Amino acid sequence: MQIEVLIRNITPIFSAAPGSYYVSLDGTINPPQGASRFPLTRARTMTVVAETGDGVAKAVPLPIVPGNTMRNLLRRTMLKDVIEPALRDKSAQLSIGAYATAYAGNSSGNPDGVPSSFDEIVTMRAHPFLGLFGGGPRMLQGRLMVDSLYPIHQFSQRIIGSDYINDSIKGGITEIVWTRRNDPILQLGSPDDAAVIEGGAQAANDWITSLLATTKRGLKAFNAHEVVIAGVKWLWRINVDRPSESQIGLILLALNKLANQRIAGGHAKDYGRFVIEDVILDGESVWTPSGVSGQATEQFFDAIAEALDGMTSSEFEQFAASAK
Amino acid sequence: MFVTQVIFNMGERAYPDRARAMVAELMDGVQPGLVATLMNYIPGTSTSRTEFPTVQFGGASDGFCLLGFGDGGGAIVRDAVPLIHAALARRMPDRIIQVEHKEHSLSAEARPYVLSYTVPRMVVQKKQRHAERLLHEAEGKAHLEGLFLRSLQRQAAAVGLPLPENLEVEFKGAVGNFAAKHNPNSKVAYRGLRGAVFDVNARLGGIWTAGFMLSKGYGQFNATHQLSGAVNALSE
RNA sequence: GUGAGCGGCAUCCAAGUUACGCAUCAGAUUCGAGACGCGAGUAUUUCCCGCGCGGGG
């Protein structure tokens, strides 16, 4: 059962690509040596094949949010906003291992390595939450397929299709954001400011001498990081392998309450803020201005409510239990 | 190749001569080698060197500044500035001293036309007769151009920077004159020039020195910043 | 004129048939492009210095 979510971000998305890439001024990637050089944090990109109105296929980088990040975002949103209040209403406490397993798919770095009994397999897969994601010490295959957040772009036509060709963007959608780190030494101009500091101006000057002598690290740093520009429209594709009504209702509730969560990175700079523009369920739009609602979706919400009001921590503690 | 400039933010414009006197005064006795190196003294004696000084002082708008020339100048300023900073902190217990450390690359490339270069502080007064010779450009050009050329070549040789063999300079003039003294009670004074404009057919990168007797704080000028032409904002 | 002399190990033959590298994981947290470049000085002198000449306010 395919779910397509049309996501428009009102703040830049910042998913940092691992590695210390260096930039000069005026935004030249990997500049020639000799010029000024600064560490640049490149946004996460995936190379995809697309024809840019030429007819020949070529691989080009595309700034995306990795699918694992979106899967974890969905998991966390579901847990905080739906399941956790349900457990708190019944005053049921999760064990520490159960909490870790529900929040990261496993309670430790050592998988059990042995299979599961069939009754336990079906019990865990029928669960509204554990069935979707799975994991645990003994490995279990979840029902949830989460794809990466592909931006609607001329490079994404060969991937997402021509259904959303009306929202494509031609040019690049990434920009460099420059940041600093200023010492408190510059903003001291009078000892009156330093009335809160031990030893006063003498101690401050001693510290500044230490900084100039033996620290080099220091509290001065001019750096930059690449962000995906705001306002670009994204497509999120979610697939489920033969789910029950309760699981679909849970996913719909998470989508309803997803807007309260950031996508990735830039917590300090309010990065990752988005609004869900359109949700499509098996080729049919179920989104409303209020949210996921309508007669076509009432049964899922009823089923997920009936699952939530009568769920306990027993399933979680059994799932997190290891057979070693 | 590299020029290091360090500025101490004391909060008031102090003339370079008194600045050098006081920095000498603070380091009396402690670390004698640092004193001998910073004061440009022959090892074993307190006399100064006639040779071009690798230690440089200048009058910052907010205080006084130390300038090192070459690797030796850079090394001496590097191991010196913490000591002078500590001494200044010791003497001024209720003021924050701030240190600004910036390096300039030194480069001099030829150029088939001339550019407007000026300095706030020239030592041009040698004889009183030559002082009145400035009315006519022809009479006063010879010694001024000779001074500029010799100063440039000697500082280049001191820093080991290649210079073209075909430098010709013509003088334009200065804004006014000023008087300077060893001490406020001294009765001996010299005449300098402010805004001494001369045109050279080459590029001067970084901060530069012209004239002679520079350690006391004369003849320093940032030719690179002057090329930006920020001298327009001078009005009341 | 060596118990010598003379004398094909040769023909034919299938290593092939079946098997999922798969299941489960947030590149996250922190930091100012704003500060800095002589715009304030108020005129004749000595012991020694590089050495007639070049020099220390």
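Along each chain, numbering proceeds from 1 in written sequence order. Entry numbering may differ, and residues lacking coordinates are not shown. Each chain takes a letter, starting from A, and each ligand takes a number, starting from 1, following the order in which they are written. Scope of values: the displayed chains only, which are part of a larger assembly. Water and hydrogen atoms play no part in the side-chain values, which are based on all heavy atoms of the structure.

Structure determination for this PDB entry was carried out by cryo-EM, with a resolution of 3.18 Å recorded in the header.

Points about the overall build of chain A
Check the secondary structure of chain A and you find nine helices and twelve strands. Counting only C-alpha atoms, chain A reaches 70 × 60 × 40 Å along its principal axes. Total accessible area on chain A is roughly 16,900 Å²; 52% of this is exposed by carbon and sulfur atoms. Counting 29 positive and 33 negative side-chain charges, chain A places the averaged centre of each group 8 Å from the other. Think of it this way: any DSSP run of H or I at least four residues long counts as a helix, any run of E at least two long counts as a strand, and we number them from the N terminus. Per-residue accessibility takes into account occlusion by the displayed protein chains alone, with areas from the Shrake-Rupley method and a 1.4 Å probe. The convention is simple: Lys and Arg are positive, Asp and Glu are negative, and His and the chain ends are not counted. For this purpose, a charge sits on NZ of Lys, CZ of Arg, CG of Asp or CD of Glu.

Quick notes on the protein's contact with RNA strand C
Among the 63 residues in the neighbourhood of RNA strand C, the closest are listed as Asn72 of chain A together with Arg13, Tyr15, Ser61 and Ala179 of chain B. Taken together, the sugar and phosphate atoms account for 57% of what RNA strand C places within 4 Å of the protein. Side-chain atoms alone can form a polar contact between residues adjacent in sequence; in general such a contact is a pair of N or O atoms within 3.5 Å, and within protein one must be able to donate a hydrogen while the other accepts it. For RNA strand C, a sugar or linking oxygen lies 3.3 Å from a polar atom in the backbone of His182 of chain B. Of the residues forming the surface near RNA strand C, the biggest block, six residues, is contributed by helix α1 (residues 67-89) of chain A. Only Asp, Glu, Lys and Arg are considered charged, only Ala, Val, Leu, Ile, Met, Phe, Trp, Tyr, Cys and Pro nonpolar, and every remaining residue, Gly among them, polar. When its residues are assigned to classes, the surface near RNA strand C shows 25 nonpolar, 23 polar and 15 charged. By convention in this text, a residue qualifies as near a molecule or strand provided that one of its non-hydrogen atoms is within 4 Å of it.

Let's talk about a positive patch on the surface
Excluding any residue in a salt bridge, patches collect residues exceeding 30% relative accessible area, merging like charges within 9 Å and nonpolar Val, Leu, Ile, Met, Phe, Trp and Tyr side chains within 5 Å. Any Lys or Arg side-chain nitrogen found within 4 Å of a carboxyl oxygen on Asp or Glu counts as a salt bridge. A contiguous patch of positive charge, built from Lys126, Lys127, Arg150 and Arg154 of chain B, is present on the exposed surface. Relative to the elements of secondary structure, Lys126 of chain B occurs in the loop between β6 (122-123) and α4 (128-132).

Structural notes on the packing of aromatic side chains
The description of an aromatic ring pair uses the distance of the two centres, along with the angle that the planes make with each other. Residue and element names in this part refer to chain A. Each aromatic pair joins two rings of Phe, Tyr and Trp (for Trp, the six-membered one) with centres within 6.5 Å, and gets the label stacked for planes under 30 degrees apart, edge-to-face for over 60, and tilted for any other angle. For the structure shown, the criterion picks out twelve aromatic pairs over all chains. With a centroid separation of 5.3 Å and an interplanar angle of 85°, the aromatic rings of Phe38 and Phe222 are classed as edge-to-face. Accessibility here uses a 1.4 Å probe with only protein chains present; expressed as a share of the type maximum, an area under 20% marks a residue as buried, one over 50% as exposed, and anything in between as partly exposed. With relative accessibility at 38%, the residue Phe222 sits in the partly exposed group. An aromatic cluster of three or more residues is present, and its members are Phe38, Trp178 and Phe222. Charge-over-ring placement is defined geometrically: NZ (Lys) or CZ (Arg) within 6 Å of the ring centre, and within 35 degrees of the ring normal. It is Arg42 that lies over the ring of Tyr21; its NZ or CZ is 4.5 Å from the centre.

Digging into the sheet that holds strand β4 (residues 98-105) of chain B
All names here are of chain B. Taken together, four strands build an open sheet; the order of strands is β2-β3-β1-β4 and the sheet is antiparallel. Edge positions in the open sheet fall to β2 (55-59) and β4, since each of these has one partner strand only. On average, each strand axis in the sheet is tilted by 20° relative to the strand beside it, whichever way the strands run. Whether two strands pair depends on DSSP finding at least two bridges between them. Inspection of the sheet shows strand β1 (residues 2-9) paired to β4 by eight bridges, in the antiparallel sense. Looking across to β4, one finds that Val3 is bridged to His104. To get an axis, a line is fitted to the C-alpha atoms, and for a helix only the part in contact is used. The angle between two axes follows their N-to-C directions and goes from 0 to 180 degrees.

Observations concerning the packing of helix α6 (residues 200-215) of chain A against helix α3 (residues 70-91) of chain B
Two elements in contact, α6 of chain A and α3 of chain B, have axes whose closest approach is 10 Å; the angle formed by their N-to-C orientations is 180°. When the axes of α6 of chain A and α3 of chain B are compared, the pair comes out roughly antiparallel. On α3 of chain B, the residues touching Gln202, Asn205, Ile208 and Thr209 of chain A of α6 of chain A are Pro82, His85, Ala89 and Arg90 of chain B. In terms of residue class, the contact of α6 of chain A with α3 of chain B is built from three nonpolar, four polar and one charged. Working rule for angles: under 35 degrees goes down as roughly parallel, over 145 as roughly antiparallel, 65 to 115 as roughly perpendicular, anything else as oblique. In what follows, residue pairs with any heavy atoms lying within 4.5 Å of each other are defined as contacts.

Overview of the side chain of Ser15 of chain A
You can see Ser15 of chain A is positioned in the loop between β1 (3-9) and β2 (21-23). Those residues in contact with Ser15 of chain A that lie beyond four places of it in its chain are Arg42, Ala43, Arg44, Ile64, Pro66 and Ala264 of chain A.

Things to note about the interface of chain A and chain B
Contacts between the two partners involve 13 residues from chain A, matched on the other side by twelve residues from chain B. By buried area we mean the combined loss of accessible area, with a 1.4 Å probe, across both parts when two parts are placed together. Counting the surface lost from both chain A and chain B, the interface buries some 1,000 Å², and carbon and sulfur atoms represent 59% of this. The tally of links from chain A across to chain B stands at zero salt bridges. Our count for the contact surface shared by chain A and chain B stands at two residue pairs in polar contact. A class-by-class count of the residues in the side of chain A that touches chain B yields eight nonpolar, three polar and two charged.

As for the nonpolar core
Counting residues in hydrophobic clusters, the biggest one holds 60 residues, and the most contacted among them are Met78, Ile83, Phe129, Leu144, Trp236, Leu255 and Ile263 of chain A. With nine residues, the top contributor of residues to this core is α1 of chain A. Apart from residues lying up to four places away in sequence, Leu255 of chain A is in contact with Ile3, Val5, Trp236, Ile276 and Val279 of chain A. Counting 34 residues, the second-largest nonpolar core is a separate cluster that includes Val3, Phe52, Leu167 and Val169 of chain B. Take the buried residues of types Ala, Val, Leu, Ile, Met, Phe, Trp, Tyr and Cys, join any two whose side-chain atoms come within 4.5 Å, and each joined set is a nonpolar core.

With respect to α1 of chain A
Residue and element names in this part refer to chain A. Given a helix with a known number of residues, its expected span is that number minus one, times 1.5 Å. With 23 residues, α1 extends 32 Å from end C-alpha to end C-alpha; this agrees with the ideal 33 Å at 1.5 Å per step. Among all positions of α1, only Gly67, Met70, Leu73, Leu74, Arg75, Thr77, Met78, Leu79, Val82, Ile83, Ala86 and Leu87 are buried. Looking one or two residues beyond α1, the residue adopting positive phi is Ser91, at roughly 55°.

Some words on the packing of α1 of chain A against helix α7 (residues 245-256) of chain A
Residues and elements named next belong to chain A. Between α1 and α7, the least distance of the axes is 9 Å, while the angle of their chain directions is 95°. By the angle class used here, α1 and α7 are roughly perpendicular. In this structure, α1 contributes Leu74, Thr77, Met78, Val82 and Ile83 to the contact, and α7 contributes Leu250, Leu253 and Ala254.

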